[PDB]
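In: model this:
(one chain, ligands or ions: 1)
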Amino acid sequence: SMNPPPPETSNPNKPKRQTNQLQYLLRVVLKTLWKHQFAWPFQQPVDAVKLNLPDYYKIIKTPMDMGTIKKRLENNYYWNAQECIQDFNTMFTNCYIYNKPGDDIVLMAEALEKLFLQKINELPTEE
Ligand SMILES: CCn1cnc2c1c(=O)[nH]c(=O)n2Cc1ccc(Cl)cc1
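Out: Numbering: from 1, shown residues only. Sure, structure below:
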């Protein structure tokens, strides 16, 4: 089953801002998760063809991945840190919806999420 167009990483008519919190989300939260040993399946949109997951986009109607989030952060797509945090939460939730508890990909998601919650705990107050 085939791949949809990926989520946008630009949108000229969407409002956006730069904040120290969004910068922390790029410099710290994304960079740290990206370098983890379990990050690779989350670094790009799910390719349902290559991975032989033909049901994926029958079940996941709001897909999200850290490649997308990385480009959104780099391109100043967001209005505030909350919009970005939702994207990470969408990514994790999709994983938990599509797969079974304790599947390898779910353990990977859980490790990344643990780390995510740790880094978000030190999100600086908006300056
Ligand atoms: C997080 C999106 N994603 C990327 N690859 C995935 C998935 C997924 O949700 N379920 C999957 O089954 N696979 C394939 C897969 C399965 C196990 C491992 Cl260790 C890696 C990828």
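
In: CA atoms for contacts and neighbours, from now on please.
Out: OK.

In: Quick check: residues of this protein near the ligand?
Out: Residues of the chain found near the ligand (Cα under 6 Å from any ligand atom) are 41-42, 46, 51, 95, 99, 104-105.

In: mind listing which of the residues you listed are in helices?
Out: The members of the residues of the chain next to the ligand that map onto helices under DSSP state H are 95, 104-105.

In: Any of those residues buried? List them.
Out: Among these, those scoring as buried are 95, 105 (criterion: 16 or more other Cα atoms under 10 Å).

In: out of the ones in helices among the residues of the chain next to the ligand, who's nearest residue 81?
Out: Ranked by distance to residue 81 (Cα to Cα), those are led by residue 95 at 21.9 Å.

In: Could you find the closest non-adjacent residue to that closest one?
Out: residue 106 (6.5 Å; Cα to Cα, 6 or more residues apart in numbering).

In: my guess is that neighbour meets residue 94, correct?
Out: No: if you go by Cα atoms under 8 Å, residue 106 and residue 94 don't touch, sitting 10.2 Å apart.

In: residue ranges of the helices in this protein, please?
Out: For the chain, helices defined by DSSP H occupy the ranges 20-24, 31-35, 56-59, 66-74, 81-98, 104-120.

In: TSV for those, including distance to residue 127?
Out: Shown next, in TSV, are the helices of the chain (distance: least, Cα to Cα, whole Å):
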stretch	distance to residue 127
helix 20-24	7
helix 31-35	22
helix 56-59	40
helix 66-74	18
helix 81-98	13
helix 104-120	16
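
In: what's the closest of the ones you listed to residue 12?
Out: Among the helices of the chain, the nearest to residue 12 by Cα to Cα is helix 66-74 (12.3 Å).

In: how much distance is there from the closest one to the middle of the chain?
Out: Centroid displacement of helix 66-74 relative to its chain, using Cα atoms, centre = their mean, to the nearest Å, is 8 Å.

In: for stretch 40-59, same thing?
Out: On Cα atoms, centre = their mean, the centre of stretch 40-59 falls 14 Å from that of its chain.
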